[PDB]
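**Q** Dropping in protein-v1.csv, with CSV, C-alpha atoms.
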chain,number,residue,atom,x,y,z
A,11,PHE,CA,0.0,0.0,0.0
A,12,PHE,CA,2.8,2.4,0.9
A,13,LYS,CA,4.8,1.6,-2.2
A,14,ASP,CA,1.8,2.0,-4.4
A,15,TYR,CA,1.3,5.4,-2.6
A,16,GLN,CA,4.9,6.4,-3.4
A,17,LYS,CA,4.5,5.3,-7.0
A,18,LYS,CA,1.3,7.4,-7.5
A,19,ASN,CA,3.0,10.4,-5.9
A,20,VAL,CA,6.0,10.1,-8.2
A,21,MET,CA,3.6,9.9,-11.2
A,22,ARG,CA,1.9,13.0,-9.9
A,23,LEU,CA,5.2,14.8,-9.5
A,24,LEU,CA,6.0,14.0,-13.1
A,25,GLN,CA,2.6,15.1,-14.4
A,26,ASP,CA,2.9,18.3,-12.5
A,27,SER,CA,6.3,19.1,-14.1
A,28,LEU,CA,5.0,18.2,-17.5
A,29,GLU,CA,2.0,20.5,-17.1
A,30,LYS,CA,4.1,23.4,-15.8
A,31,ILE,CA,6.7,23.2,-18.6
A,32,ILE,CA,4.3,22.6,-21.4
A,33,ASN,CA,1.8,25.3,-20.3
A,34,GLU,CA,4.6,27.9,-20.1
A,35,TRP,CA,5.9,26.8,-23.5
A,36,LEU,CA,2.5,27.0,-25.2
A,37,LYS,CA,1.8,30.7,-24.4
A,38,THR,CA,4.4,31.7,-26.9
A,39,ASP,CA,3.1,29.6,-29.8
A,40,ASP,CA,3.3,31.1,-33.3
A,41,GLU,CA,0.5,32.0,-35.6
A,42,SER,CA,0.7,28.6,-37.4
A,43,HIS,CA,0.4,26.6,-34.1
A,44,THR,CA,3.8,24.9,-34.4
A,45,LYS,CA,3.9,24.1,-30.7
A,46,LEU,CA,0.2,23.0,-30.4
A,47,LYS,CA,0.6,20.8,-33.4
A,48,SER,CA,3.7,19.1,-31.9
A,49,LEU,CA,1.8,18.5,-28.7
A,50,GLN,CA,-1.1,17.0,-30.7
A,51,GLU,CA,1.4,14.8,-32.5
A,52,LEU,CA,2.9,13.7,-29.1
A,53,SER,CA,-0.5,12.6,-27.8
A,54,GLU,CA,-0.8,10.2,-30.8
A,55,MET,CA,2.8,8.9,-30.8
A,56,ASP,CA,3.5,5.2,-30.7
A,57,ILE,CA,5.1,4.5,-27.2
A,58,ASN,CA,7.7,2.4,-29.0
A,59,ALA,CA,8.9,5.3,-31.1
A,60,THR,CA,11.8,7.6,-30.2
A,61,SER,CA,13.1,9.2,-33.4
A,62,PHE,CA,10.7,12.1,-33.3
A,63,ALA,CA,12.2,13.2,-30.0
A,64,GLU,CA,15.7,13.9,-31.3
A,65,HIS,CA,14.8,16.9,-33.4
A,66,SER,CA,11.6,18.3,-31.8
A,67,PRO,CA,10.1,21.7,-30.9
A,68,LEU,CA,8.8,20.0,-27.7
A,69,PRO,CA,10.3,21.2,-24.4
A,70,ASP,CA,13.6,19.4,-23.5
A,71,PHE,CA,12.2,18.0,-20.3
A,72,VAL,CA,9.4,16.4,-22.2
A,73,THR,CA,11.7,14.6,-24.7
A,74,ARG,CA,14.2,13.7,-22.0
A,75,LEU,CA,11.5,12.1,-19.9
A,76,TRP,CA,10.2,10.2,-23.0
A,77,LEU,CA,13.6,9.0,-24.2
A,78,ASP,CA,14.8,7.8,-20.8
A,79,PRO,CA,12.4,8.2,-17.8
A,80,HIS,CA,14.8,6.7,-15.2
A,81,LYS,CA,17.6,8.9,-16.4
A,82,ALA,CA,15.3,11.9,-16.2
A,83,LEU,CA,14.2,11.1,-12.7
A,84,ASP,CA,17.9,11.3,-11.7
A,85,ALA,CA,18.5,14.8,-13.2
A,86,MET,CA,15.6,15.8,-11.0
A,87,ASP,CA,17.4,15.2,-7.7
A,88,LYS,CA,20.9,16.1,-8.9
A,89,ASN,CA,20.9,19.3,-6.9
A,90,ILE,CA,19.9,17.6,-3.7
A,91,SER,CA,22.7,16.8,-1.2
A,92,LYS,CA,22.9,14.1,1.5
A,93,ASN,CA,23.2,16.9,4.0
A,94,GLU,CA,19.9,18.5,2.8
A,95,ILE,CA,18.0,15.2,3.1
A,96,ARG,CA,19.3,14.4,6.5
A,97,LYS,CA,18.4,17.9,7.6
A,98,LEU,CA,14.9,17.3,6.2
A,99,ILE,CA,14.6,14.1,8.1
A,100,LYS,CA,15.6,15.8,11.4
A,101,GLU,CA,13.3,18.7,10.8
A,102,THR,CA,10.4,16.4,10.0
A,103,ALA,CA,11.1,14.2,13.0
A,104,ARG,CA,10.9,17.3,15.2
A,105,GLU,CA,7.7,18.5,13.5
A,106,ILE,CA,6.0,15.1,14.0
A,107,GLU,CA,7.2,14.9,17.6
A,108,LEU,CA,5.5,18.3,18.4
A,109,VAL,CA,2.2,17.3,16.8
A,110,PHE,CA,2.1,13.8,18.1
A,111,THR,CA,2.8,15.0,21.7
A,112,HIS,CA,0.3,17.8,21.3
A,113,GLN,CA,2.8,20.6,21.8
A,114,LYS,CA,1.7,22.3,18.6
B,11,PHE,CA,13.4,28.6,-11.7
B,12,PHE,CA,12.0,25.4,-13.0
B,13,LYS,CA,14.8,23.3,-11.6
B,14,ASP,CA,14.3,24.9,-8.3
B,15,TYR,CA,10.6,24.1,-8.7
B,16,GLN,CA,11.4,20.5,-9.4
B,17,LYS,CA,13.8,20.3,-6.4
B,18,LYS,CA,11.3,21.7,-4.0
B,19,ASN,CA,8.7,19.3,-5.3
B,20,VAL,CA,11.0,16.3,-4.7
B,21,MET,CA,11.7,17.5,-1.2
B,22,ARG,CA,7.9,17.8,-0.6
B,23,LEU,CA,7.5,14.3,-1.9
B,24,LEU,CA,10.1,12.9,0.5
B,25,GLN,CA,8.6,14.9,3.4
B,26,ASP,CA,5.2,13.5,2.6
B,27,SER,CA,6.5,9.9,2.6
B,28,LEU,CA,8.4,10.5,5.9
B,29,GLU,CA,5.2,11.9,7.5
B,30,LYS,CA,3.0,9.0,6.3
B,31,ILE,CA,5.3,6.3,7.3
B,32,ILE,CA,6.3,7.8,10.7
B,33,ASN,CA,2.8,8.7,11.7
B,34,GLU,CA,1.5,5.2,10.9
B,35,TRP,CA,4.4,3.7,12.9
B,36,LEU,CA,3.8,5.9,15.9
B,37,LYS,CA,0.2,4.9,16.6
B,38,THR,CA,1.4,1.5,17.9
B,39,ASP,CA,4.1,2.8,20.2
B,40,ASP,CA,4.5,0.9,23.5
B,41,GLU,CA,3.9,2.2,27.0
B,42,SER,CA,7.6,3.1,27.4
B,43,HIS,CA,7.6,5.3,24.3
B,44,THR,CA,10.3,3.3,22.5
B,45,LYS,CA,9.2,4.7,19.1
B,46,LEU,CA,8.7,8.3,20.2
B,47,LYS,CA,12.1,8.2,21.9
B,48,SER,CA,13.8,6.9,18.8
B,49,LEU,CA,12.2,9.7,16.8
B,50,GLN,CA,13.3,12.3,19.4
B,51,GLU,CA,16.8,10.9,19.1
B,52,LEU,CA,16.6,11.1,15.3
B,53,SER,CA,15.8,14.9,15.5
B,54,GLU,CA,19.0,15.4,17.4
B,55,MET,CA,21.4,13.2,15.4
B,56,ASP,CA,24.6,14.5,13.9
B,57,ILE,CA,24.1,14.5,10.1
B,58,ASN,CA,27.6,12.9,9.7
B,59,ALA,CA,26.5,9.9,11.8
B,60,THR,CA,25.2,6.6,10.3
B,61,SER,CA,25.9,3.9,12.9
B,62,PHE,CA,22.6,4.4,14.7
B,63,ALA,CA,20.7,3.5,11.5
B,64,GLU,CA,21.8,-0.1,11.2
B,65,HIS,CA,20.1,-1.4,14.3
B,66,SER,CA,17.2,0.9,14.8
B,67,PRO,CA,13.4,0.8,15.7
B,68,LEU,CA,12.9,3.5,13.1
B,69,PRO,CA,10.9,2.6,10.0
B,70,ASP,CA,13.1,1.1,7.3
B,71,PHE,CA,12.3,3.9,4.8
B,72,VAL,CA,13.5,6.4,7.2
B,73,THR,CA,16.9,4.8,7.8
B,74,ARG,CA,17.3,3.9,4.1
B,75,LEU,CA,16.7,7.5,3.1
B,76,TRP,CA,19.2,8.7,5.8
B,77,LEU,CA,21.9,6.2,4.9
B,78,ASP,CA,21.7,6.7,1.1
B,79,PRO,CA,19.2,9.3,-0.2
B,80,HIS,CA,20.1,8.9,-3.8
B,81,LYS,CA,19.7,5.1,-3.6
B,82,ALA,CA,16.4,5.6,-1.8
B,83,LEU,CA,15.1,7.9,-4.5
B,84,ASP,CA,15.7,5.0,-6.9
B,85,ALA,CA,13.8,2.3,-5.0
B,86,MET,CA,10.9,4.8,-5.2
B,87,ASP,CA,10.5,4.6,-9.0
B,88,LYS,CA,11.5,0.9,-9.4
B,89,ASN,CA,7.9,-0.1,-10.1
B,90,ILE,CA,7.5,2.5,-12.9
B,91,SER,CA,8.0,1.3,-16.5
B,92,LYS,CA,9.0,3.2,-19.6
B,93,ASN,CA,5.6,2.3,-21.0
B,94,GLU,CA,3.8,3.8,-18.1
B,95,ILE,CA,5.7,7.1,-18.4
B,96,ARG,CA,5.2,7.4,-22.1
B,97,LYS,CA,1.5,6.7,-21.6
B,98,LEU,CA,1.4,9.5,-18.9
B,99,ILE,CA,3.1,11.9,-21.3
B,100,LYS,CA,0.6,11.1,-24.1
B,101,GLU,CA,-2.3,11.4,-21.7
B,102,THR,CA,-1.0,14.7,-20.3
B,103,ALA,CA,-0.4,16.1,-23.7
B,104,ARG,CA,-4.0,15.3,-24.6
B,105,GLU,CA,-5.4,16.9,-21.4
B,106,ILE,CA,-3.4,20.0,-22.0
B,107,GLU,CA,-4.5,20.2,-25.6
B,108,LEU,CA,-8.2,20.1,-24.6
B,109,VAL,CA,-7.8,22.8,-21.9
B,110,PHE,CA,-5.5,25.1,-24.0
B,111,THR,CA,-8.0,24.9,-27.0
B,112,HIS,CA,-11.0,25.4,-24.7
B,113,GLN,CA,-12.6,22.1,-25.5
B,114,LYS,CA,-12.9,21.3,-21.8
Spit out the file's structure as structure tokens when you get a sec.
**A**
Amino acid sequence: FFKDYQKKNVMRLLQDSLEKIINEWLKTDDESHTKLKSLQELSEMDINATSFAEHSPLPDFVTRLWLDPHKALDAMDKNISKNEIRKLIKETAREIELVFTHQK
Amino acid sequence: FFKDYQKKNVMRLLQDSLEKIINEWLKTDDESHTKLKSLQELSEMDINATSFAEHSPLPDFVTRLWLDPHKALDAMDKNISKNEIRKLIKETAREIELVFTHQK
């Protein structure tokens, strides 16, 4: 149940990033709808296909995620240090303690 | 800005998982507060320390994330396939198309 929970949350994270990047990209589409058309093409692409992604107007995050999802999910945490995570764990432990013991 | 956005979202994802797992674990603490005490210890641990995590009552996800954050962030997407991600990309592309073109 927890692992399913974690999986669904990772999928949400990816969907959120896709939405943010694609929506920002779309607001400067040209008069001939080059960007919208590429997005419509993407929605119809064969999931076994990769050639389209090498020379594409699509956002780089979109084609990187398509081409190699596991690699893309590693560029996403590249700026996070071991120190930052352990600090987050300590901070979270303290927060939970204060709530669980009804101090906050 | 986007990469900072992605980083903050990954940190949120981790915090959410920590909260869910630790809160579930705490509700079956013993009378002597073994679990709460281990959590209080965790909040005070030196971020250079690792020995405590090998033999600990803490949830396994918590000690795995502490010991090797990058490795832990890989066990999190181990159940996600290339097919699933490309399907998500196509589905998201279609959703965005319908909103952007005011069909939905």
**Q** Ranking A:91, A:35, A:83, A:100 by minimum distance to chain B and counting all atoms listed in the file, which one comes first?
**A**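 Between A:91, A:35, A:83, A:100, the residue approaching chain B most closely is A:100.
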**Q** May I ask you to extract the residues of chain A within 6 Å of chain B, using all atoms listed in the file, and to give them as a PyMOL selection string?
**A** chain A and resi 49+53+57+76+96+100+103-104
**Q** Between CA of residue 74 in chain B and CA of residue 60 in chain B, measure the distance and give it in Å to one decimal.
**A**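 CA of residue 60 in chain B lies at a distance of 10.4 Å from CA of residue 74 in chain B.
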**Q** Enter the distance from CA of residue 42 in chain B to CA of residue 109 in chain A, in Å, rounded to one decimal.
**A**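 So the two atoms, CA of residue 42 in chain B and CA of residue 109 in chain A, lie 18.5 Å apart.
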**Q** In Å, how far is it from CA of residue 64 in chain A to CA of residue 38 in chain A?
**A**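 For CA of residue 64 in chain A relative to CA of residue 38 in chain A, the distance reads 21.5 Å.
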**Q** Would you compute an axis-aligned box for range 97-106 of chain A, covering every atom listed for it in the file with 8 Å of margin on each side, and report centre and edge lengths in Å to one decimal as lines of an AutoDock Vina configuration file?
**A**
center_x = 12.2
center_y = 16.4
center_z = 10.7
size_x = 28.4
size_y = 20.6
size_z = 25.0
**Q** Some atoms are absent from range 63-75 of chain B, so rebuild N, CA, C and O atoms and return them as a PDB file, in the coordinates of the input.
**A**
ATOM      1  N   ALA B  63      21.711   3.900  12.505  1.00  0.00           N
ATOM      2  CA  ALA B  63      20.700   3.500  11.500  1.00  0.00           C
ATOM      3  C   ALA B  63      20.719   2.043  11.178  1.00  0.00           C
ATOM      4  O   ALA B  63      19.787   1.536  10.557  1.00  0.00           O
ATOM      5  N   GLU B  64      21.771   1.349  11.579  1.00  0.00           N
ATOM      6  CA  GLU B  64      21.800  -0.100  11.200  1.00  0.00           C
ATOM      7  C   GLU B  64      21.048  -0.927  12.097  1.00  0.00           C
ATOM      8  O   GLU B  64      20.484  -1.866  11.622  1.00  0.00           O
ATOM      9  N   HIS B  65      21.003  -0.640  13.374  1.00  0.00           N
ATOM     10  CA  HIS B  65      20.100  -1.400  14.300  1.00  0.00           C
ATOM     11  C   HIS B  65      19.218  -0.377  15.007  1.00  0.00           C
ATOM     12  O   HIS B  65      19.534   0.132  16.081  1.00  0.00           O
ATOM     13  N   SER B  66      18.072  -0.118  14.384  1.00  0.00           N
ATOM     14  CA  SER B  66      17.200   0.900  14.800  1.00  0.00           C
ATOM     15  C   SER B  66      15.705   0.486  14.805  1.00  0.00           C
ATOM     16  O   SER B  66      15.311  -0.301  13.947  1.00  0.00           O
ATOM     17  N   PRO B  67      14.892   0.997  15.740  1.00  0.00           N
ATOM     18  CA  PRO B  67      13.400   0.800  15.700  1.00  0.00           C
ATOM     19  C   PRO B  67      12.754   1.666  14.647  1.00  0.00           C
ATOM     20  O   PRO B  67      11.567   1.481  14.380  1.00  0.00           O
ATOM     21  N   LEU B  68      13.478   2.634  14.093  1.00  0.00           N
ATOM     22  CA  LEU B  68      12.900   3.500  13.100  1.00  0.00           C
ATOM     23  C   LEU B  68      12.415   2.753  11.883  1.00  0.00           C
ATOM     24  O   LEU B  68      12.954   1.696  11.568  1.00  0.00           O
ATOM     25  N   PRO B  69      11.382   3.271  11.204  1.00  0.00           N
ATOM     26  CA  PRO B  69      10.900   2.600  10.000  1.00  0.00           C
ATOM     27  C   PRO B  69      12.033   2.482   8.944  1.00  0.00           C
ATOM     28  O   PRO B  69      12.909   3.343   8.850  1.00  0.00           O
ATOM     29  N   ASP B  70      12.011   1.380   8.202  1.00  0.00           N
ATOM     30  CA  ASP B  70      13.100   1.100   7.300  1.00  0.00           C
ATOM     31  C   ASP B  70      13.237   2.179   6.191  1.00  0.00           C
ATOM     32  O   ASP B  70      14.354   2.473   5.775  1.00  0.00           O
ATOM     33  N   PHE B  71      12.138   2.786   5.752  1.00  0.00           N
ATOM     34  CA  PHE B  71      12.300   3.900   4.800  1.00  0.00           C
ATOM     35  C   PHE B  71      13.046   5.037   5.317  1.00  0.00           C
ATOM     36  O   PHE B  71      13.803   5.686   4.593  1.00  0.00           O
ATOM     37  N   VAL B  72      12.862   5.315   6.604  1.00  0.00           N
ATOM     38  CA  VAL B  72      13.500   6.400   7.200  1.00  0.00           C
ATOM     39  C   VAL B  72      15.042   6.208   7.277  1.00  0.00           C
ATOM     40  O   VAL B  72      15.818   7.089   6.911  1.00  0.00           O
ATOM     41  N   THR B  73      15.462   5.016   7.685  1.00  0.00           N
ATOM     42  CA  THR B  73      16.900   4.800   7.800  1.00  0.00           C
ATOM     43  C   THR B  73      17.528   4.568   6.412  1.00  0.00           C
ATOM     44  O   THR B  73      18.684   4.922   6.231  1.00  0.00           O
ATOM     45  N   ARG B  74      16.778   4.044   5.446  1.00  0.00           N
ATOM     46  CA  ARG B  74      17.300   3.900   4.100  1.00  0.00           C
ATOM     47  C   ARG B  74      17.520   5.298   3.477  1.00  0.00           C
ATOM     48  O   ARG B  74      18.546   5.548   2.843  1.00  0.00           O
ATOM     49  N   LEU B  75      16.553   6.191   3.668  1.00  0.00           N
ATOM     50  CA  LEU B  75      16.700   7.500   3.100  1.00  0.00           C
ATOM     51  C   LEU B  75      17.841   8.287   3.786  1.00  0.00           C
ATOM     52  O   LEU B  75      18.563   9.011   3.117  1.00  0.00           O
TER      53      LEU B  75
END
